[PDB]
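Heads up: the sequence lines are chains BZ, BO and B7, in that order.
Counting from 1 along the first sequence, just add 16 to a position and that's the residue number in the deposited numbering.
Counting from 1 along the second sequence, just add 49 to a position and that's the residue number in the deposited numbering.
Counting from 1 along the third sequence, just add 1 to a position and that's the residue number in the deposited numbering.
Every residue, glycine too, gets a C-beta built ideally from N, C-alpha and C.
Here's the structure, in structure tokens; my notes come after.
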Amino acid sequence: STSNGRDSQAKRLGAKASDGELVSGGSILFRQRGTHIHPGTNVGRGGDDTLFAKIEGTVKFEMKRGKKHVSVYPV
Amino acid sequence: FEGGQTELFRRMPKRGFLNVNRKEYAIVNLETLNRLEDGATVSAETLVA
Amino acid sequence: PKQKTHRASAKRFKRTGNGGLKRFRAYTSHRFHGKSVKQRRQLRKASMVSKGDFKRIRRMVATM
RNA sequence: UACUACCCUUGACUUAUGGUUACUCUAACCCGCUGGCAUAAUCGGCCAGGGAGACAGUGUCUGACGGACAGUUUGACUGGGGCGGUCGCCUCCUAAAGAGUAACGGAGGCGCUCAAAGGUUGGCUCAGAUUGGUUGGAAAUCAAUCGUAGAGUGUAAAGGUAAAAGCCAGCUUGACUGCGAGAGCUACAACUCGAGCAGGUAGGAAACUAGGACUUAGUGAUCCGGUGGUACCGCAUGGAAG
RNA sequence: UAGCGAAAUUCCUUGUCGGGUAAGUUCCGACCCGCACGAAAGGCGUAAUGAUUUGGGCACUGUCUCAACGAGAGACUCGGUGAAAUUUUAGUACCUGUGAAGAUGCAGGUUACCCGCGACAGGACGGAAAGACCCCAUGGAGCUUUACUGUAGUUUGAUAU
RNA sequence: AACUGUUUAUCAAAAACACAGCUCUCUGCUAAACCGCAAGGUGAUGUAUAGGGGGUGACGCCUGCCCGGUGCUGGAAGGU
RNA sequence: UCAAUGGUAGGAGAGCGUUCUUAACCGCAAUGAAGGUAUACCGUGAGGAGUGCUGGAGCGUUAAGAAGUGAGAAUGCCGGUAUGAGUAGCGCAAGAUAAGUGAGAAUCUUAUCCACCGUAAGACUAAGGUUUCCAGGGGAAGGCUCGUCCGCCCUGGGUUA
RNA sequence: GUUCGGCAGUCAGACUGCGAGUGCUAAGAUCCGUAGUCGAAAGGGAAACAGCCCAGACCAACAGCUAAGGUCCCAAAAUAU
RNA sequence: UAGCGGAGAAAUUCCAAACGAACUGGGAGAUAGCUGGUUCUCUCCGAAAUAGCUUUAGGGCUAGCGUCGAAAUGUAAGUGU
RNA sequence: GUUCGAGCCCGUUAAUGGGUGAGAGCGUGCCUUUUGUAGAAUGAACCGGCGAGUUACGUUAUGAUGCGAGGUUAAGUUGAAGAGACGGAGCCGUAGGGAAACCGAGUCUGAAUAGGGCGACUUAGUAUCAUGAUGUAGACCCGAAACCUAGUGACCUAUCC
RNA sequence: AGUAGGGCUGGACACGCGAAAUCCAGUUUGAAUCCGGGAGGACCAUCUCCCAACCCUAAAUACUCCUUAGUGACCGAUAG
RNA sequence: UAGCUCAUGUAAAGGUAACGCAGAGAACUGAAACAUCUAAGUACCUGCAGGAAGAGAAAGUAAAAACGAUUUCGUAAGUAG
């Protein structure tokens, strides 16, 4: 044998919009079981510890704190 | 046929028993009263006549 | 002669006029320990049938 | 506590009696028993005895074993097939810089705990190195110095991790109810969240936070039978049954 | 346990030794390390008996050194008589390659007057045999069992008789 | 392997079967056993030296151990 | 004018041809219907008619409807014909000559020799066969060849308790 | 392009590179992603060639030009510079 | 002495040119995720050979992949650069 | 095999005629399956005939027609197996929400009159026909080994008398 | 009148023992009887209906070997 | 009395096209296998009958005023179950 038919079911990790889009209030931003990016205004961290929006508007990235971030700038 | 798997409907819960004393009234619009004027004593005789 | 309606399938389903069918929820009968608190908060109700699936309606659930 | 006692616990015996075991009888039944009748005729029937006997056998249920004989069952992969192993779910590589993922490819696992390791408030920073000090050890302890985490994070691994998710105290039972816009993921079933609102709450002075745990294993479809509630139906009618 | 042991049993391995044998894995006799002998699933013996199985020898010998001869029947020449299997049709060569990965028929190249007739077998993956080997089918049969369900049958008890 | 016999005609005659023999076990009679729903009948006008089943296969020697388990038998205290 | 037109399983559209259609429409037909045959026409196709000939009764039109409805191919089937092939075989034993017979004799008949069997390859008798026996006549097939011969064929008799 | 409605079949492919994995970094070997090709696409080239390269065919045609590839003869173009 | 059977010096042996289950008729045109077969003409468009599940792996069920029709053309989405 | 064609022969659905054809170029039969068959993968001797996607009833889709919130007669009766006419019993649509009580253009869910859910907003069907697909009918056919019932069979052979 | 019923075992009724009606079997037990008795899908009351446990009943329906009168968008000698 | 004898009565045995009724009664299938179901109480087999048979006069249905033996067809409608 191998003891290696033991399997992992991969799943979708990464981005959803990532670029200034008019993403819906309470909509998904970036799947994270582990935070590379870090939150901001109009943005919630999930029970799935992702980033989810709260209010529509542009969702550009910011280098706050010497670190990677997402808020939502309105309009 | 789910390929030998149980089907969509075969996974359904058993929901709601049924009244044997279920009875309704063959409901019409008031738009037929717009048809007939006045038809004094609007009844089943006015309905099926 | 006629095409026999499956009466127990009719006991599975309930469809609407000018619209789809109401499908009650899975998982909701047998154990409730490992299903979550939120799944208890939300899985009493249930959503509709599919769109690209369920076309095996025809015509096993006829005219009920 | 003598009259009449409406009387009560153990015994005893008349009676009602009943399963009640054993024995006896014989009218039942039986006797591939006797002998006779027609039948000339060993089958049968009848007569007349003997033997047995309320059994036997027969019916209907019930228990026993039961291949004597049937009816079906005995997976899937696979480097032919077979053996072995594996068949679920989570984690990393293989994944090709979105995802997507191939093989009986690698590596691990999990098939849990925790009324507090959960919430909240309020504080704290580790491991390790070196010095020096009675028991002394490589570390027990201590103090000092250095010390971005070279620790820890309940539980493997991954990511994350100091405004701490790390560590310790108090409150603490939000690991609330009813939801849920909006989303994501995608055969479906599922699954991942979730703004915000209401009903009140719980901390916290207030603000603020709170729908489990640092996130991710810790879990399975419908039936069927329970458990409780139930303004529901309750088969003419009420109830009840269900 | 007795008793037999390279067994119709040891692939363990041409076990060992000795005999038969010049030449001797087989044969016999002992040894016996018995994978895995073996006692009523009889074990060890056992004359006569065997269409037995082997091993040796004698005898006789065309089996063979290494063949040859003649007799008859077909064959074959003709007269009469006259079928079967068989198949896309084909005036159907060779080499070397190529290609569902082995050429008659294809590419290149070679030799070949045309048609026969008697014998022969290398092909034509020759026929005849929808492989009886293997595999698969939610295929079926048959068989077995302390599979599961049963059945009769067997044996309790009730109870009318 | 005792023998003679028998053995797959459309393959195989044998060491296979059988066989006397030997062993055990079951059956007291309207047998046991068996066939048939039963009836009826076999067993056999049989009576334990007979009938049925199991083993082994003359003769010679011999058949050792172990009742833990299974089955069988028998017993009933209790459980069921 | 521009653009398009490889195309399998796939899907859409359209058309041809056969037969029956009471329909009608409307004819042909013995001076020749149908059908066959040759044909050196036309039509994108399927398909269509012209002529020559066979042939001597039904057929065609149009349009529409309705369909057992469009034929290679399956161990397709049935029926016929190849093929091999004038080859195998000619079904376990020896006849021979002369003469007849006829039309035609190897094979029919006679004569005369030979030959074979002879615990049979004799005779007689079960079952069986069901008239095969014999006489006369004939030779469509049968006789495994021929054939005047015959268990073949026609006719007639033939079995007595 | 979406939506809605019918109607499908396809489940098992190869091969060529290119990047992986397994394998003796053996293979016309497997198993991925990626493009093409065939399949289901003739003609030409490479001696025939399903997969490589070029080039996508309605048809006629006694037209020319050209792709790769060729130009001593078969077998056409250069005994070309 | 007749097939759920028989016979059997027993091999799975035979039961009428012949048997691990006889032969004849009916059920019943049993069934068959497996083999083969499919017939007139044209035009247009034009595949897949994959994911997920599956007593499933040579088969199905969706989804991806065609075709036609209809409703508008998320007011362009599509597809390039 | 084409295509060209020396040469020959003949003269036609009168036609840029036909029958040839030396020679020369280039040319792997047809079917199912497959990833790929030219095949040494099948299968086909040939020729002719037959020989396979229907209908019964039902649903869905698409059109055609008719009328339209009104469409619709079934069975049956009449009658020529006519037609027409009768026959409205019933059936479809004409609001749903919720399991249901029930409510109703709203309804359910929920303390909600919060949200969500389905709802008129969200705008016509009915009936017949026709076509495709459907489903019960062997249901596109050809196909086993099979299963059971009923019956026949001991002259082969085995047993027995 | 062993009649209804009741027990058990069945079966049919759409009814696969089920809440199971209701009917009919085996087996067992066994009524009331006109103030009666039965049904109304377990069952208890009120109401509705009926009178079993006795027997006969045309008609409308099923199918043709048959007798003709016949009819065919049946079929033409592999057909029928 | 059994039993025996005689006489009388086709009675009645039997042949049967199909339909019926009643008893006895499977399997194959299908359920993707299959033990429940189905197939169907159908295949078969036996008996009893006629021109038809059964069939039948509420110890019925139903649920409100509701009728008044049956039978066949349509419906309800695959509706209730």
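Measure the alpha-carbon distance for residue i versus residue j and round it to whole angstroms.
i                    : j              : result
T6 (chain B7)        : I58 (chain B7) : 12 Å
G21 (chain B7)       : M49 (chain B7) : 7 Å
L82 (chain BO)       : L67 (chain BO) : 34 Å
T95 (chain BO)       : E86 (chain BO) : 11 Å
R45 (chain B7)       : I76 (chain BO) : 33 Å
residue 1 (chain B7) : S34 (chain BZ) : It is not possible to answer for residue 1 (chain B7), since the shown part of chain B7 is limited to 2 through 65.
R32 (chain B7)       : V91 (chain BO) : 56 Å
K72 (chain BO)       : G65 (chain BO) : 17 Å
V69 (chain BO)       : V97 (chain BO) : 27 Å
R13 (chain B7)       : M79 (chain BZ) : 55 Å
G35 (chain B7)       : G53 (chain BO) : 27 Å
Which residues in the same chain have their Cβ closer than 8 Å to the Cβ of residue i, if we skip the five residues on either side of it in sequence?
i              : result
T64 (chain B7) : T6
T17 (chain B7) : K23
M61 (chain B7) : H7 and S10
Can you list, in chain order, the residues of its chain with a C-beta nearer than 7 Å to that of residue i? Leave out the 5 residues immediately preceding and following it.
i              : result
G36 (chain BZ) : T74, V75 and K76
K32 (chain BZ) : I44, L45 and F46
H54 (chain BZ) : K83, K84 and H85
Identify which residue in the options has its Cα closest to the Cα of residue i.
i              : options                                                           : result
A9 (chain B7)  : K63 (chain BO), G53 (chain BO), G52 (chain BO) and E56 (chain BO) : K63 (chain BO)
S87 (chain BZ) : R81 (chain BZ), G56 (chain BZ), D64 (chain BZ) and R47 (chain BZ) : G56 (chain BZ)
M61 (chain BO) : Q40 (chain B7), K3 (chain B7) and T29 (chain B7)                  : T29 (chain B7)
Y89 (chain BZ) : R81 (chain BZ), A69 (chain BZ), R22 (chain BZ) and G82 (chain BZ) : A69 (chain BZ)
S40 (chain BZ) : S24 (chain BZ), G60 (chain BZ) and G21 (chain BZ)                 : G60 (chain BZ)
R59 (chain BO) : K36 (chain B7), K52 (chain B7), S37 (chain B7) and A27 (chain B7) : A27 (chain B7)
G63 (chain BZ) : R49 (chain BZ), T18 (chain BZ) and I71 (chain BZ)                 : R49 (chain BZ)
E72 (chain BZ) : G42 (chain BZ), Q25 (chain BZ), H52 (chain BZ) and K80 (chain BZ) : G42 (chain BZ)
For residue i, is the classification buried or exposed, using 16 other Cβ atoms within 10 angstroms of its Cβ as the cut-off for buried?
i              : result
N58 (chain BZ) : buried
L79 (chain BO) : exposed
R28 (chain BZ) : exposed
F50 (chain BO) : exposed
Grab the span of the beta strand (DSSP E) containing residue i for me, first residue to last.
i              : result
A69 (chain BZ) : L67 to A69
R47 (chain BZ) : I44 to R47
Along the alpha helix (DSSP H) that carries residue i, what are the first and last residues, could you check?
i              : result
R61 (chain BZ) : Where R61 (chain BZ) is concerned, there is no enclosing alpha helix (DSSP H), although the beta strand (DSSP E) it sits in stretches over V59 to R61.
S10 (chain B7) : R8 to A11
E51 (chain BO) : Note, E51 (chain BO): premise wrong, no alpha helix (DSSP H); not H, not E.
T81 (chain BO) : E80 to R84
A93 (chain BO) : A93 to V97
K39 (chain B7) : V38 to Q43
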